[PDB]
Amino acid sequence: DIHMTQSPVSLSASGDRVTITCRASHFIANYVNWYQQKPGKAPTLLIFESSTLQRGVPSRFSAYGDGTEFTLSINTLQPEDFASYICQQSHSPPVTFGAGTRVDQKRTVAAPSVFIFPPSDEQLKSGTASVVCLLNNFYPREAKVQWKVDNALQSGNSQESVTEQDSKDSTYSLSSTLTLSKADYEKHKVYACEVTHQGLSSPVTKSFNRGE
Amino acid sequence: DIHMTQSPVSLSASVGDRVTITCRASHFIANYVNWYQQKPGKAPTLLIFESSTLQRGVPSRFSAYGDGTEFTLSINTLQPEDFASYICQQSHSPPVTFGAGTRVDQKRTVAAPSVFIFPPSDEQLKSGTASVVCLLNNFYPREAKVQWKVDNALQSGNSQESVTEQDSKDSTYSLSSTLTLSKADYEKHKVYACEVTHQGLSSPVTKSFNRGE
Amino acid sequence: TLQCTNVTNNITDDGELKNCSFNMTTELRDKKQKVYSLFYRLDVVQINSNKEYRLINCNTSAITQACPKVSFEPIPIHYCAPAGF
Amino acid sequence: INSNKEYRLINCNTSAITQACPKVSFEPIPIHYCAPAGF
Amino acid sequence: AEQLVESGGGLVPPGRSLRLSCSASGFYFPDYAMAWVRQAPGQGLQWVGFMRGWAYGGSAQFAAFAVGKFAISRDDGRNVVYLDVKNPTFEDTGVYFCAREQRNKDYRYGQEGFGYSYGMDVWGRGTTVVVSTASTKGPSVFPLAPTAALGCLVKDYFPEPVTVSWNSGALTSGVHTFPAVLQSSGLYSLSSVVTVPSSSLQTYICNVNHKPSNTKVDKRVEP
Amino acid sequence: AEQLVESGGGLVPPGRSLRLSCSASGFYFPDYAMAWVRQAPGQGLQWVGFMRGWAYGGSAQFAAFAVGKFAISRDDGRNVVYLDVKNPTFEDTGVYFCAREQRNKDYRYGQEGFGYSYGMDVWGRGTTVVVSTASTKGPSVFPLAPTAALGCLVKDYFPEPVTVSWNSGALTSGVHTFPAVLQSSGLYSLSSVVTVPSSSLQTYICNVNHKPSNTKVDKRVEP
Ligand SMILES: *[C@@H]1O[C@H](CO)[C@@H](O[C@@H]2O[C@H](CO)[C@@H](O[C@@H]3O[C@H](CO[C@H]4O[C@H](CO)[C@@H](O)[C@H](O)[C@@H]4O)[C@@H](O)[C@H](O[C@H]4O[C@H](CO)[C@@H](O)[C@H](O)[C@@H]4O)[C@@H]3O)[C@H](O)[C@H]2NC(C)=O)[C@H](O)[C@H]1NC(C)=O
Ligand SMILES: *[C@@H]1O[C@H](CO)[C@@H](O[C@@H]2O[C@H](CO)[C@@H](O[C@@H]3O[C@H](CO[C@H]4O[C@H](CO)[C@@H](O)[C@H](O)[C@@H]4O)[C@@H](O)[C@H](O[C@H]4O[C@H](CO)[C@@H](O)[C@H](O)[C@@H]4O)[C@@H]3O)[C@H](O)[C@H]2NC(C)=O)[C@H](O)[C@H]1NC(C)=O
Ligand SMILES: *[C@@H]1O[C@H](CO)[C@@H](O[C@@H]2O[C@H](CO)[C@@H](O[C@@H]3O[C@H](CO[C@H]4O[C@H](CO)[C@@H](O)[C@H](O)[C@@H]4O)[C@@H](O)[C@H](O[C@H]4O[C@H](CO)[C@@H](O)[C@H](O)[C@@H]4O)[C@@H]3O)[C@H](O)[C@H]2NC(C)=O)[C@H](O)[C@H]1NC(C)=O
Ligand SMILES: *[C@@H]1O[C@H](CO)[C@@H](O[C@@H]2O[C@H](CO)[C@@H](O[C@@H]3O[C@H](CO[C@H]4O[C@H](CO)[C@@H](O)[C@H](O)[C@@H]4O)[C@@H](O)[C@H](O[C@H]4O[C@H](CO)[C@@H](O)[C@H](O)[C@@H]4O)[C@@H]3O)[C@H](O)[C@H]2NC(C)=O)[C@H](O)[C@H]1NC(C)=O
Ligand SMILES: *[C@@H]1O[C@H](CO)[C@@H](O[C@@H]2O[C@H](CO)[C@@H](O)[C@H](O)[C@H]2NC(C)=O)[C@H](O)[C@H]1NC(C)=O
Ligand SMILES: *[C@@H]1O[C@H](CO)[C@@H](O[C@@H]2O[C@H](CO)[C@@H](O)[C@H](O)[C@H]2NC(C)=O)[C@H](O)[C@H]1NC(C)=O
Ligand SMILES: *[C@@H]1O[C@H](CO)[C@@H](O)[C@H](O)[C@H]1NC(C)=O
């Protein structure tokens, strides 16, 4: 298959100039359609055929390339342009898409309001020990959540939900919820959520215990 | 050139398994690949011509397909005679380029080699050739490494290695790496070690002997 | 060869009207032009994905259409004898 | 017809084209025009 | 105007085959070829298959996974495209986009090459199919025991949405209602928190309302 | 029936040019195009060149190394294909397969494309040419001085084969007669071992027999 590795993965600017480079594995000389999907919405073609402006898309965008490694550029940024931008080839079946670029706003590196939560005891009466690890108001996207159940590094038993880019400060908020049961809720004690973020200087390990 | 990198390199399953072999390209070859079978010491045999269509005379347990670049053969199901080398080969462009092949053995117990080392006989010293023979026997899998030492000089190129095929009675392999040397450096050196690494071995087994010993 | 579909307007023929798309060339010998047209079932026949049919004369005899300037009316014509008869 | 401009021939959408076979002349010839007799 | 309407189901048990429907509007529909792009939630776009217009043969190809697993069928008499998911698997849980093909300024596709180069202009709403044996249910809303914060786990409902209001909207300061995450059962587990300052840990009643099942759980939060 | 017979030589000195012969049988031979695939021992298949049928021109192309180094010529009067290896090199030591081309179910090749797509159905026996100045000779069979094991190095013979029998076949328990490896001279060096338990190190006489040179060496094994 001909694969699209779209660069970068995320992007941060503020009326800035944005440039996105999407390459190929083969010679696709001009056969790429440049897309826009805002989160929770439909896609939107921006530059069809890797160089030509779609009618209805404003003139601040500009894509081009070489034959293999194509490049979209934006002059200039608008505050509604913080979306996911996907390159996609039109040279060969099957259709392969790009990596996308979830673009937030370059701003102050904000530390998360890190919190951990015991499940309620009627939720213990439901049996589910949903250990909730709250984060709030962090910038950038670079956050890591590490779990501990009696210092066993838990993985797969957690469901994580993150807010989008904020309006009032363009930060994120996170909730990684360690989905567990009651038999290992009471069969274990040390319930720690280790949180690493760039605004954090250290991996913050909030913790609690069985019922505590 | 348009090169075929056939995946995997070797394969292990058992009698009545499902086998799948993926052979890709470097260009767009939309359906122009002939799928081959060469059993060891034998002729090739076309299995799937044109990357999707069954050759008449080849049983229906095989199935190949693809996309345009990365083609894929699948086998449902395995038969005990199917342990052969299966080669993809393009029919899109001259020159003819072949695939990597897949020497398929049977998935079984990981067997450790019966590792041995051997001095040459002294009438073979009278022939001058110091054929230091490093025997392995009854090992599974294929993943074996032979390392040579002549007074702890890591010898390479001065050895001729001969390995048995897939066994019938236990589907293991047996190996003989034979360090081809001369007599002047047979007597000019002492420590004659063959370090053998295998997966069934926990460690690199270094069998050794000395000049005449 | 032809790419045809059953018509959909009414039931009095429901069939028989095949929306036949096709490749063709044009004036500029170097140019192409595949169009669509609607034909009655009696002027075509199929040949053996979607069914494709050409024309029943295309293995037997050549085809001309009428130049549209002439009429088709049977004319009341008196038939006269050469004299001496 | 509407890189470098490319034009064909003006008859190529209207009418076919022949060239003259080069053996014939093109001279207007002094020709007397005679009547059928009885006229 | 020129709009595309995707439908065909929500919760489906695996193995039990599926019918979709890409209902079109607004234009002469067999001008355009049709295609299907699925998308797993939280993932990139996953193209499934296309189907050409009848003038291009009406031919339908697929992606590699979609060989055998799926079946496209359009209907110009209704201007709708049916997609057949026979033997659905839990892998096939995702939002299912359906789009048309775009002709050029001369109202044509490409002559040479693949033919289709001008992209998919109108995108439908996308239908969401969950391949699981769950059921339509009210949520098991449980609060979160704790400037601290607190919350209510709006857990195990179907379908989307609920609407959480902290003391019936009297509390709004710090509400970060997180998006609902599904489970292996296929049930929505929604997180809704609020940064309540730790000196004030009123009685905070999350007044949720799952109007698809009319389930309005009023769960007071307590440490 | 439809069989292909490859011949043309064994040991050849380098530089001295070579004639091969792909003798056919069983079918109407100028129906099919012809090709040559060589193979170095212990290596993958190495296609050399093809030659079309005369209705396709009789045209013969080659691989990149085979440009200038080789020359194909078929003979429909004998149903044989001669291959000319002018200036053979030691690189050109290998087993030389020769195969035909396969027509379809309608008995035809491909119209568009390259033309040849249905593979090579009948494969010949393959001829083996060693480009070296060695000679036909009996082996220098030497035993191997040592549950231990022992062996006999059946070294420096031409041609294949020998037949080793331990005490004339009275010993069989543990015999791993390894395949014969060639040398830089081009002489076969065969390994034949047997796992003899170290408490019993009888007199083990490997009774080899190189019947192409009638060389039956009966070498007793001693530590
Ligand atoms: C055999 O198959 C052919 C091949 O397609 C059919 O030919 C089509 O016939 C239909 C008849 O409806 C044509 O559809 C109409 O096209 C009009 C032209 O508009 C096009 O171009 C304008 C700009 O010039 C664009 O803005 C527009 O988007 C179109 O691309 C449209 O104006 C008509 O649309 C209007 O009415 C419809 C409802 O009728 C509304 O939905 C629209 O919004 C709009 O108000 C209409 O779409 C079509 O163009 C023909 N295509 C071709 C290639 O010729 C044959 O009719 C068919 N025969 C049978 C019997 O089925
Ligand atoms: C008028 O002429 C035009 C232009 O020729 C036609 O448009 C073509 O329509 C055909 C219909 O068959 C399309 O053909 C399909 O091609 C696919 C492969 O495309 C690759 O190769 C072509 C040629 O090199 C490239 O243009 C393209 O970029 C790709 O690299 C095949 O995969 C298709 O076959 C598939 O389905 C069949 C069964 O249906 C399977 O057996 C196959 O395995 C495979 O799955 C098919 O052959 C073609 O793409 C169109 N465009 C072109 C050539 O540009 C019009 O249809 C024609 N109109 C008429 C006759 O009315
Ligand atoms: C001018 O050039 C043309 C084109 O090559 C030649 O025509 C060919 O002539 C040869 C003559 O041998 C024909 O070969 C014969 O084909 C017969 C048809 O069988 C074919 O098809 C059946 C299925 O329908 C298959 O089962 C079969 O395998 C073949 O593919 C065979 O019946 C003949 O074989 C019989 O005799 C031969 C030996 O004589 C035996 O080995 C066979 O077992 C069997 O008894 C034979 O193979 C060939 O088909 C012709 N091709 C065409 C396209 O016509 C002209 O002969 C040539 N003229 C001159 C003077 O050179
Ligand atoms: C009846 O008609 C068919 C065609 O309808 C003829 O078959 C063609 O014969 C030609 C002979 O020239 C073949 O042409 C060769 O093409 C090669 C390029 O390869 C690509 O394309 C072909 C065609 O698609 C593929 O099959 C191939 O895999 C590749 O995709 C060239 O590389 C060849 O040239 C080589 O040699 C010449 C010298 O001879 C050098 O100058 C070149 O550098 C190069 O090394 C060659 O040109 C063609 O493949 C055949 N098939 C087609 C077009 O479909 C029949 O021969 C004809 N029969 C008659 C007249 O009796
Ligand atoms: C060539 O034309 C002939 C005459 O129409 C077709 O031959 C037969 O036609 C009759 C009447 O249409 C049919 O009932 C037969 O079935 C036809 N025979 C066959 C074999 O089809 C003939 O079909 C035409 N050839 C092609 C390729 O369409
Ligand atoms: C078809 O021929 C006609 C006649 O030449 C061309 O039509 C117009 O010709 C007049 C006289 O030269 C020009 O002033 C017009 O500009 C022509 N029309 C256009 C649109 O150019 C006509 O161009 C020809 N069309 C084609 C496709 O060959
Ligand atoms: C419509 O086309 C189909 C294609 O299968 C054909 O079977 C059918 O007879 C046609 N309909 C009519 C009413 O002729």
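Quick notes on this one:
- Of the criteria (1) within 11 Å of chain E (Cβ to nearest Cβ); (2) surrounded by 13 or more Cβ atoms within 10 Å (Cβ to Cβ); (3) out of contact with any strand residue (DSSP E or B) (no Cβ under 7 Å at 6 or more places or on another chain), which one A:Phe48 fails: (3)
- When the test is whether a residue is aliphatic (A, V, I, L, M), more than 17 Å from F:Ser191 (Cβ to Cβ) and more than 12 Å from chain F (Cβ to nearest Cβ), B:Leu181 does not pass it.
- Of everything in the stretch F:23-52 that is surrounded by 20 or more Cβ atoms within 10 Å (Cβ to Cβ) and within 13 Å of ligand 3 (Cβ to nearest atom), the residue that is farthest from the other protein chains (Cβ to nearest Cβ) is F:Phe29.
- Single unsatisfied condition, E:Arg100 versus (1) within 15 Å of E:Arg52 (Cα to Cα); (2) within 11 Å of chain A (Cβ to nearest Cβ); (3) crowded, with 20+ Cβ neighbours inside 10 Å: (2)
For (1) in contact with a strand residue (DSSP E or B) (Cβ under 6 Å, 6 or more places away or on another chain); (2) assigned to a strand (DSSP E or B), each residue gets a yes or a no:
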site	(1), (2)
B:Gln89	yes, yes
B:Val146	yes, yes
B:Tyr186	no, no
B:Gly200	yes, no
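- Tally of residues being away from every other protein chain (no Cβ under 14 Å) and in contact with an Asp or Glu (Cβ under 6 Å, 6 or more places away or on another chain) across the stretch E:122-169: 1
- Verdict on E:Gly113 being over 26 Å from E:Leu201 (Cβ atoms) and facing chain A (nearest Cβ under 8 Å): yes
- Residue match in the stretch C:40-47 (condition: surrounded by 10 or more Cβ atoms within 10 Å (Cβ to Cβ) and away from ligand 5 (no atom under 14 Å from the Cβ)): yes
- Residue in the stretch C:15-22 that is loosely packed, with under 11 Cβ neighbours inside 10 Å, in contact with a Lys or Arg (Cβ under 9 Å, 6 or more places away or on another chain) and within 13 Å of chain E (Cβ to nearest Cβ) present: no
- Among the candidates E:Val131, E:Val122, E:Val164, E:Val181, residue that is under 24 Å from A:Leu178 (Cα atoms) and over 16 Å from the mean Cα position of the chain (by Cα): E:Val164
- Selected residue (criterion: farthest from ligand 2 (Cβ to nearest atom)) from residues of the stretch C:1-46 that are part of a loop (DSSP other than H, G, I, E, B) and in contact with a helix residue (DSSP H, G or I) (Cβ under 6 Å, 6 or more places away or on another chain): C:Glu16
- Filter result for C:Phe72 (surrounded by 13 or more Cβ atoms within 10 Å (Cβ to Cβ) and either at positive phi or more than 16 Å from ligand 5 (Cβ to nearest atom) (or both)): no
- Selection of the stretch F:177-199 for residues being buried (at least 22 other Cβ atoms within 10 Å of the Cβ) and either among the acidic types (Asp, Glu) or within 8 Å of chain B (Cβ to nearest Cβ) (or both) yields F:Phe178, F:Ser189, F:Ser191, F:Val193.
- Test: residue in the stretch B:114-121 that is within 12 Å of chain F (Cβ to nearest Cβ), surrounded by 19 or more Cβ atoms within 10 Å (Cβ to Cβ), under 22 Å from the mean Cα position of the chain (by Cα) and part of a loop (DSSP other than H, G, I, E, B): yes
- In the stretch E:47-59, residue farthest from ligand 6 (Cβ to nearest atom) [restricted to those that are under 23 Å from A:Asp1 (Cα atoms) and hydrophobic (A, V, I, L, M, F, W, C)]: E:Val48
- Residue check: F:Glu101 meets all listed conditions (1) within 16 Å of ligand 5 (Cβ to nearest atom); (2) within 30 Å of F:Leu11 (Cα to Cα) but one, namely (1).
- Residue count, the stretch E:60-88 (criterion: more than 21 Å from A:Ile2 (Cβ to Cβ) and either within 16 Å of ligand 6 (Cβ to nearest atom) or within 8 Å of another protein chain (Cβ to nearest Cβ) (or both)): 2
- Residues in the stretch A:148-178 that are touching a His at 6+ places or on another chain (Cβ under 7 Å) and either outside any loop (DSSP other than H, G, I, E, B) or more than 14 Å from chain E (Cβ to nearest Cβ) (or both): A:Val149, A:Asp150, A:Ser173.
Quick reminder, even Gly has a Cβ in these numbers, built from the backbone with ideal geometry, and neighbours come from all protein chains shown. FYI, it's all coordinate maths here, none of it is from the lab.
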